[PDB]
Ligand SMILES: [K+]
Ligand SMILES: [K+]
Ligand SMILES: [K+]
Ligand SMILES: [K+]
Ligand SMILES: [K+]
Ligand SMILES: [K+]
Ligand SMILES: [K+]
């Protein structure tokens, strides 16, 4: 099964700064990667789908990029509401798998 | 030829516990991996075929998983009768090859 | 309206139905098989089309028995459909060449 | 019963025989060649079918001379068979268009 | 000059136009999609040709929706064109066999 | 001996010639291009055959302009040849159905 590596595990950044979490697939998955946000005690929330396509209702602040095995989820200008855990998930090959998660910390 | 790496060579576990042996193929072999059991002085016995398909007559205790290059043979709740050597074997490409073997030890 | 042209038409509506069903059945059959890639509707549809036209680039293909069974049906439908059109074009040319000569 | 329809039928029984034999011969020819993947009956059958329909995804193909020779025969049989059906569909359309006009 | 032969000719000029447009549209649709390889005119042309002839080696293929849409059109045009020629060859053989017998 | 059957025959001798020449020309065109794999006669022949039958598994394909040009010719020859046979099978069925009815 495809392995999604998310490192660093924790990301520290100053308010307003730009930030990026990385997700590496154990094999080439095209752009079949998706990003989810999960705040303390909430359920996951789809941020970016298919590596770069944006979802409606998601701050224009969130962008995605990458293809193959290296994917990036960026937040231009971080802010308190962004403090959560971020996961990546691939649908290239069965079964869908999840990343270990990266905690954003301001 | 395809190389099947089985490490660790020896696995120590407490009775009733869950256990997993890994088998890594030097290249992607889909699910064309099969698992064999061989107790002291017996001949090999097919446990799992095609990575996850079960064989009849084999304790429901044995399961398989994996695809590509990383395969796992698990035993939910180990017991004395499970003390043996476990081998993996691929039929993806000619010639069929075998793993070095992993000894289960309770 | 002439038979050959009705068949051609039918063949097309049919092919489309098969492509759609083929896409659905493929995903249904392929999900659950580790490493399978024919697992989302959109690409599956692209898969069946490229299979029906017999092009098959290899970027997508079934790995399970039912998926392949679904593939065969799609291949055959695409081949028969397109061949049935060729056959209609022939009946058309043949029928009209008889005219350019009288009968 | 009309010839074109007999041929079509024959062509199909034949194709099936070739697919089956093709599968067997392929494995027989490919085993013994390091790195070959066309070495188990089930997939070989899937291989020959996708070869006979000329789709050929590339997930499987012979690498030995006899395997390829077996591939050519399968390709040709599939092509001839399906073409023979198209030909039967034409004779059918052509024969009936003559009716919709009298003769 | 006989219809079947006019059609064949048209089919060819047409196919060529589609190949060229297909090449252009493909690059236009594929650029902007990370990982896409169908992004330069020369190879795109090679791509469309191998797609129109239904060969499709898999060295190149669209990954975007519009690219695939362009692929389908090219596949269908190639298939129809070549099939239309076969149909013309039949009308030719059929028309002349009638001669070798009188009519 | 009937035209359609002469053509079919010619088409076959021709296809074979093209396959052979195609194999030679391919290697000639591909050698000198870094990374090219279509560079030895035996496999090139296997390549052209799988190209003429339009199967094209993707294990081998030209990467140079002349190699691809040689590929197109082979694709077209294979397609035309096999289509010309289908056309011959139709003239045969059509001509004999006229018999099973009188004329
Ligand atoms: K291919
Ligand atoms: K084809
Ligand atoms: K093909
Ligand atoms: K192909
Ligand atoms: K391929
Ligand atoms: K490949
Ligand atoms: K055809």
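Residue numbers (the numbering used here), protein chains in the order written: chain A, 1 to 106; chain B, 107 to 212; chain C, 213 to 315; chain D, 316 to 418; chain E, 419 to 521; chain F, 522 to 624. For every residue, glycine included, the Cβ atom is placed at its ideal position computed from N, Cα and C.
Item                                                                                                                        : Value
Interface positions of the region 501 to 512 of chain E facing chain D (Cβ-Cβ less than 7 Å), listed along the chain        : 508
Straight-line gap, residue 146 (chain B) to residue 132 (chain B) (C-alpha atoms, nearest Å)                                : 29 Å
Closest residue to residue 151 (chain B) among B:126, B:127, B:122, B:194 (Cα-Cα distance)                                  : B:194
Cβ pair residue 5 (chain A), residue 64 (chain A) closer than 8 Å                                                           : no
Among F:603, F:563, F:541, the one whose alpha carbon lies nearest that of residue 532 (chain F)                            : F:603
Alpha carbon of residue 117 (chain B) to alpha carbon of residue 124 (chain B), nearest angstrom                            : 11 Å
Contact with chain C by residue 94 (chain A), beta-carbon distance below 8 Å                                                : yes
Length of the line joining the Cα atoms of residue 321 (chain D) and residue 165 (chain B)                                  : 54 Å
Residues of the region 30 to 63 of chain A with Cβ closer than 8 Å to any Cβ of chain E, in chain order                     : 30, 31, 51, 52
8 Å Cβ cutoff, residue 579 (chain F) in contact with chain E                                                                : yes
Contact test: residue 270 (chain C) Cβ vs ligand 5 heavy atom, cutoff 7 Å                                                   : yes
Neighbour list for residue 107 (chain B) in chain D, Cβ cutoff strictly below 9 Å                                           : 349, 350
Chain E contact residues for residue 523 (chain F), given Cβ-Cβ distances below 7 Å                                         : 515, 518
Minimum C-alpha distance to residue 313 (chain C) - residue among E:518, E:519, E:513                                       : E:513
Limits of the unbroken beta strand (DSSP E) element including residue 151 (chain B)                                         : 151 to 155
Minimum length 3: unbroken beta strand (DSSP E) runs contained in the region 3 to 30 of chain A                             : 10 to 12, 19 to 25
Exposed unless 16 or more other CB atoms sit within 10 angstroms - verdict on residue 109 (chain B)                         : exposed
Buried/exposed call for residue 274 (chain C), threshold 16 Cβ in 10 Å                                                      : buried
Within chain A, partners of residue 252 (chain C) - CB distance below 7 Å                                                   : 91
Chain-ordered neighbours of residue 173 (chain B) on chain C, where CB pairs are closer than 8 Å                            : 246, 247
Residue 141 (chain B) - containing beta strand (DSSP E), residue span                                                       : 139 to 144
Opposing strand residues paired with residue 176 (chain B) [DSSP bridges]                                                   : B:130, B:173
Those residues which DSSP pairs with residue 203 (chain B) across a bridge                                                  : B:196
Enclosing alpha helix (DSSP H) for residue 585 (chain F) [first to last residue]                                            : Note, residue 585 (chain F): premise wrong, no alpha helix (DSSP H); not H, not E.
At least three beta-carbon pairs within less than 8 Å, the region 557 to 569 of chain F to the region 460 to 468 of chain E : no
Where residue 369 (chain D) meets chain F, residues with beta-carbon distance less than 7 Å                                 : 574, 575, 576
Rounded straight-line distance, which links the Cα of residue 386 (chain D) to that of residue 553 (chain F)                : 30 Å
Under the three-state DSSP convention, the category residue 293 (chain C) falls into                                        : helix
Distance between residue 199 (chain B) and residue 209 (chain B) (C-alpha atoms, nearest Å)                                 : 26 Å
Short Cβ contact (8 Å threshold) for residue 201 (chain B) with residue 138 (chain B)                                       : no
Residue-level contact to chain E via CB, residue 589 (chain F), 8 Å cutoff                                                  : yes
Three-state secondary structure assigned by DSSP to residue 161 (chain B)                                                   : coil
Cutoff 8 Å: residue 570 (chain F) Cβ touching any chain D Cβ                                                                : yes
Beta-carbon proximity check, residue 101 (chain A) vs residue 86 (chain A), cutoff 8 Å                                      : yes
When C:300, C:280, C:264, C:298 are compared against residue 229 (chain C), the one with the closest alpha-carbon           : C:264
Interface flag, residue 346 (chain D) vs chain B, CB-CB below 8 Å                                                           : yes
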